[PDB]
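What the coordinates show
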Amino acid sequence: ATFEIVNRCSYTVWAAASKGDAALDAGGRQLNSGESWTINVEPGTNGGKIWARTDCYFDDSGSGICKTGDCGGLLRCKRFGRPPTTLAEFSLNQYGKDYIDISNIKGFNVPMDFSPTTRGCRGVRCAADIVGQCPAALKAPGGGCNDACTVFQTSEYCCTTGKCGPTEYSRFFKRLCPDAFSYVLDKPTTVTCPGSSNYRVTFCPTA
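Residues numbered from 1 in each chain as written, not as in the entry; some residues may be left out. Heavy atoms only, no water.

Brief notes about the nonpolar core
Among the nonpolar cores identified, the biggest contains 42 residues, and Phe-3, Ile-50, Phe-90, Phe-114, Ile-130 and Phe-203 are the most heavily contacted of them. For this core, the leading source of residues is helix α4 (residues 168-176), giving 4 residues. Non-local contacts of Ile-50, meaning those with residues more than four positions away in its chain, are made with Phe-3, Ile-5, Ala-16, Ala-17, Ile-39, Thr-86, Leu-87, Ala-88, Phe-90, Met-112, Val-201 and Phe-203. (Core = buried A, V, L, I, M, F, W, Y, C linked by side-chain atoms within 4.5 Å. Buried < 20%, exposed > 50% of the residue type's maximum accessible area, 1.4 Å probe, protein only. Helix = DSSP H or I, 4+ residues; strand = E, 2+ residues; numbered from the N terminus. Contact = heavy atoms within 4.5 Å.)

Following this line, the structure appears as structure tokens:
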């Protein structure tokens, strides 16, 4: 499947793509403002994620750091990124269908649209100014808006036991972005697409 990753933000981002135990395609790449990078994701990929990283430095071997979403210091991510990270999440060719969502469960750094480029389903979007509006307690000094699990490490926020409810913090994310997961047991906003759909992830879709 193809995923065109488009940076419409006014700032550079470093796109990342992983399924947690491995890179998807090259795993990461710089996107200056306006650039597009198309990756190929193997059919059947379960639990894939795409995210933006901000404020990165990498040396000539691709080792460094980012202020959000850093994946072990690598340009070419093999693992998931450090919160806060807005997440484009997908599982492809799962009993003949694809499943997509956006999640704020690991916080928010960059606004995103995640849409099919092929027929048969709708896209999802979280494009509100969550960083600007972030509650004081959740503001990340390194940049972004942390989720409450990251900040407070409680069973309720992290939903450790599978017993959790919505919280004042999750409701903030949900108010700003109804169409994204705000906590682990949120009412799902997953979209079912035809198996082997193709996609576009757009950072900063509305500016």
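Here's the deal with the sheet that holds strand β4 (residues 36-40)
Strands sit in the order β4-β1-β12-β9-β10 across an open sheet of 5 strands; the sheet is mixed. The sheet terminates laterally at β4 and β10 (124-126), the two strands that pair on one side only. Between one strand and the next, the sheet's axes are offset by a mean angle of 15°, whatever the strand orientation. Both strand β1 (residues 2-7) and β4 contribute to a ladder of 5 bridges, which runs antiparallel. Looking across to β4, one finds that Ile-5 is bridged to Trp-37. (Pairing = 2+ DSSP bridges. Axes fitted to C-alpha atoms, helices over the stretch in contact; angles between N-to-C directions.)

Brief notes about the state of the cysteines
Counted according to the given criterion, the structure contains 8 disulfides. Note that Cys-126 is cross-linked by a disulfide to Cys-177, the S-S spacing being 2.0 Å. Negative torsions about the S-S bond denote left-handed disulfides, and the value of about 85° found for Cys-126 with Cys-177 makes this one right-handed. Linking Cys-126 in strand β10 with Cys-177 in the loop between α4 and β11 (191-194), this pair joins segments that are 51 residues apart in sequence. Looking at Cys-126, the relative accessible area reads 0%, which means it is buried. The buried category is assigned to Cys-177, whose relative accessible area is 2%. One disulfide bridge connects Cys-134 with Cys-145, the sulfur atoms lying 2.0 Å from each other. Measuring the twist about the S-S bond at about 80°, one finds the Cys-134-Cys-145 disulfide to be right-handed. Separated by 11 residues along the polypeptide, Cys-134 in the loop between α1 (130-133) and α2 (148-152) and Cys-145 in the loop between α1 and α2 bring together distant segments of the chain. (Disulfide = S-S within 2.5 Å.)

Looking at α4
Where α4 is concerned, the buried positions are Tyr-169, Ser-170, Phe-172, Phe-173 and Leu-176. Across the axial projection of α4, the buried residues extend over an arc of 150°, all falling on one side. Of the exposed residues in α4, the ones pointing more than 90 degrees away from its buried face are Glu-168 and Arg-175. Where α4 is buried, its residues contact α1, α2 and α3 (155-158). (Arc of directions from axis to C-beta.)

Quick notes on the packing of aromatic side chains
Following the criterion strictly, the structure yields 10 aromatic pairs and no others. Taken together, a centroid distance of 6.3 Å and an interplanar angle of 70° make the contact between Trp-51 and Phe-80 edge-to-face. One end of the pair, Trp-51, is in strand β5 (residues 48-58); the other, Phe-80, is in the loop between β6 (64-68) and β7 (87-94), with 29 residues separating them in the sequence. We classify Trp-51 as buried; its relative accessible area is 0%. Among the residues examined, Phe-80 registers a relative accessible area of 33% and is labelled partly exposed. Between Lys-49 and the ring centre of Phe-80, over which it is positioned, the NZ or CZ distance is 5.1 Å. (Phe/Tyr/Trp six-rings, centres within 6.5 Å; stacked < 30°, edge-to-face > 60°. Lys NZ or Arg CZ within 6 Å of the ring centre and 35° of its normal.)

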